[PDB]
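# Working through the structure, step by step
As a plain string of letters, each chain reads:
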Amino acid sequence: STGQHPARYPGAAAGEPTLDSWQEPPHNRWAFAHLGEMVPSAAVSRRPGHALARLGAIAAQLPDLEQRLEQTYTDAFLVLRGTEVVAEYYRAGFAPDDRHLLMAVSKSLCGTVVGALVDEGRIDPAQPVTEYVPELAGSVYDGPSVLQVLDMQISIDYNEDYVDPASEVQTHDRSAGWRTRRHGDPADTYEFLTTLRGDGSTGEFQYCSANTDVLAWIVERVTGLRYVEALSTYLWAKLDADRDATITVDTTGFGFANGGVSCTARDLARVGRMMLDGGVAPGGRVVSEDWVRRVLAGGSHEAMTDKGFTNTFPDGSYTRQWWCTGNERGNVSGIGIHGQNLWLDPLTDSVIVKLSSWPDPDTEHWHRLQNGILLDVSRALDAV
């Protein structure tokens, strides 16, 4: 049993509607207005072929930039300096206002929602996960604090290998609807999370996508809102965004908080703008000044033993669902596999969004190229 979850619509029974019941009353009133949440669906365009490159000023300092973006399978690229869009690129076939999967840049959005609730005093990061989700008793999340979930500092038997069909990654995906279910798989994400175990140790960084979905579960228990709605109420609706974001949902309607958000490059930049504005967005304060300061400050360096990350960023760390480079620029970034970055450059008051589709999820090869671009673009924004 995973306890109370937010109803898909007002008065809905647990788990309703399903793929087999959405045409029946009372579900169908909601379902007929939200069918994409139940059944895969395509856009039928209201609008009746070539890359768009407007690299602006940085083009002179980085003449080969477009080629470098092509080489890293760039779909959308945008640089916001202050409030101004100073460079843009979109591949052939991808429009400026098209949405793109964020993969784990989604986590940084989830952490932001958690931060909003901390500012309201509705979540205390020092409290155990079980203060908010008692049903996680007996699991690896029995004992650790919410902050340890936020900072990915819990040892878990979960192999975050994105190509291994035997990995917990795949089971997580199958439980949530990202892959085809197998017989005997957990019915939904909540159930999957309760199956997770570990040796009990904490304090060392271990990246685990399950952690973010636990955060989303906590958000639901504290607010009574579906995570989809909380993500709107506490973040997206305050951004003055051009378009809605989307998020994949599992069979209970639970949003795939760790990886499933899609949005436009320009709108994602608004999240970075909010961070560089001390937590304030056009629609109001999103998180506290202190929360943003802690993100920029980084997590414990000694917790960060990921050789992959520290080989590039020796003084790097991770906190509150953000990667912190600890470099001389103080760069911090949301990161998602296959080349997604929400990259903050506080020195120049700039945000870099890069949304990509590398053939591979995560290799040293792609990260070297991608980080080289992000750092070169950041430096190109320096006063000279």
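Residues numbered from 1 in each chain as written, not as in the entry; some residues may be left out. Heavy atoms only, no water.

Looking at the entry header, you'll see X-ray crystallography listed as the method and 1.40 Å as the resolution.

Let us now look at the environment of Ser356. Along the chain, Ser356 turns up in strand β13 (residues 350–356). The class of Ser356 is buried, set by a relative accessible area of 2%. For the pair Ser356 and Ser167, spaced 189 residues apart in sequence, the C-alpha separation works out to 24 Å. Ignoring any residue separated from it by four or fewer positions in sequence, one finds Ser356 in contact with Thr72, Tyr73, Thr74, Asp75, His100, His338, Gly339, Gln340 and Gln370. Here the side chain of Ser356 touches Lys354 through a polar contact of 2.9 Å, side chain to side chain. (Helix = DSSP H or I, 4+ residues; strand = E, 2+ residues; numbered from the N terminus. Buried < 20%, exposed > 50% of the residue type's maximum accessible area, 1.4 Å probe, protein only. Contact = heavy atoms within 4.5 Å. Polar contact = N/O pair within 3.5 Å; in protein donor to acceptor, adjacent residues only side chain to side chain.)

Each regular strand shows side chains that alternate between the opposite faces of the sheet. A large share of strand β2 (residues 74–81) lies buried, amounting to seven of its eight residues. Here seven bridges tie β2 to β13, and the two strands are oriented antiparallel to one another. Bridging across to β13, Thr74 finds its partner in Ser356. Across six bridges, β2 lies against strand β3 (residues 84–90) in antiparallel orientation. Bridging across to β3, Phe77 finds its partner in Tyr89. (Pairing = 2+ DSSP bridges.)

Okay, the packing of helix α8 (residues 209–223) against helix α9 (residues 227–234) next. Contact pair α8 / α9: the axes reach a minimum separation of 9 Å and the direction vectors enclose 80°. Regarding the angle of α8 to α9, the classification is roughly perpendicular. Only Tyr227, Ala230 and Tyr234 of α9 make contact with α8, whose side of the interface consists of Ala216, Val219, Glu220 and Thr223. Tallied by class, residues from the contact of α8 with α9 come to five nonpolar, one polar and one charged. (Axes fitted to C-alpha atoms, helices over the stretch in contact; angles between N-to-C directions. Parallel < 35°, antiparallel > 145°, perpendicular 65-115°, else oblique. Nonpolar A, V, L, I, M, F, W, Y, C, P; charged D, E, K, R; others polar.)

Attention shifts here to the nonpolar core. Counting residues in hydrophobic clusters, the biggest one holds 74 residues, and the most contacted among them are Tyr141, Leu196, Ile218, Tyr227 and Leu268. Shared between two domains, this core holds at least three residues of each, these being domain 2 (49–121 + 226–384) and domain 3 (122–225). Ignoring anything within four residues of it in the chain, the contact list for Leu268 reads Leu102, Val105, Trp236, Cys263, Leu342, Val353 and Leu355. Ranked by size, the runner-up nonpolar core spans 18 residues in total, among them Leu62, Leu69, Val377 and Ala380. (Core = buried A, V, L, I, M, F, W, Y, C linked by side-chain atoms within 4.5 Å. Domains from an automatic or database assignment.)

One can read the domain layout of the chain as domain 1 (25–48), domain 2 (49–121 + 226–384) and domain 3 (122–225). Averaged C-alpha coordinates put domain 1 and domain 3 at centres separated by 30 Å.

Moving on, we come to the pattern of salt bridges. For side chains of opposite charge, pairing can occur when their charged atoms come near one another. Inspection of the entire model under this criterion finds 18 salt bridges. For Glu37, the salt bridge is made with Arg226, and the minimal N-O distance between the two is 2.9 Å. Among the salt bridges present, the one from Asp75 reaches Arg91, with a minimum N-O distance of 2.8 Å. Pair noted here: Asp75 is in strand β2 and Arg91 is in the loop between β3 and β4 (100–101), with a separation of 16 residues, a long-range link. According to the relative accessible area criterion, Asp75 is buried, its value standing at 4%. Bridged by salt links that share partners, the residues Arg8, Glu37 and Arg226 form one connected network. (Salt bridge = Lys/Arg side-chain N within 4 Å of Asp/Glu carboxyl O.)

Looking now at the sheet that holds β4. Strands sit in the order β4-β6-β5 across an open sheet of three strands; the sheet is antiparallel. For this open sheet the edge positions go to β4 and β5 (246–247), each flanked by a neighbour on one side alone. Of the pairings in the sheet, the one linking β5 to strand β6 (residues 261–263) comprises two bridges and is antiparallel in character. Paired with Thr246 across the two strands is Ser262, which belongs to β6.

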